[PDB]
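**Q** Structure provided below as structure tokens; questions to follow.
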């Protein structure tokens, strides 16, 4: 994939 | 290949790409240490 985005708190099911 | 460091939030997307967003040190990485 591309370079990693800035950091966010996660959406994970 | 082993351990997951505390403070690491796994921000995952359905594309099948896990990407790191650590809220503690504030860092982003595509290499997941759990694998």
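**Q** Name the residues in region B:5-16 that are part of a loop (DSSP other than H, G, I, E, B) and either under 18 Å from residue A:3 (Cα atoms) or in contact with a strand residue (DSSP E or B) (Cβ under 8 Å, 6 or more places away or on another chain) (or both), would you?
**A** B:5, B:7, B:14, B:15, B:16 - these are the residues of region B:5-16 that are part of a loop (DSSP other than H, G, I, E, B) and either under 18 Å from residue A:3 (Cα atoms) or in contact with a strand residue (DSSP E or B) (Cβ under 8 Å, 6 or more places away or on another chain) (or both).
**Q** Can you tell me which residue is surrounded by the most Cβ atoms within 10 Å (Cβ to Cβ) among those in region B:17-35 that are within 9 Å of chain A (Cβ to nearest Cβ) and out of contact with any strand residue (DSSP E or B) (no Cβ under 8 Å at 6 or more places or on another chain)?
**A** Residue satisfying both the conditions and the ranking: B:17.
**Q** Which of the residues belonging to region B:17-35 are under 12 Å from residue A:6 (Cα atoms) and assigned to a strand (DSSP E or B)?
**A** The answer is B:19, B:20, B:21, B:22, B:27.
Cβ sites come from the backbone with ideal geometry, for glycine too, and all protein chains shown count toward neighbours. Readers should treat all values here as calculations from the given coordinates under stated rules, not as data from a laboratory.
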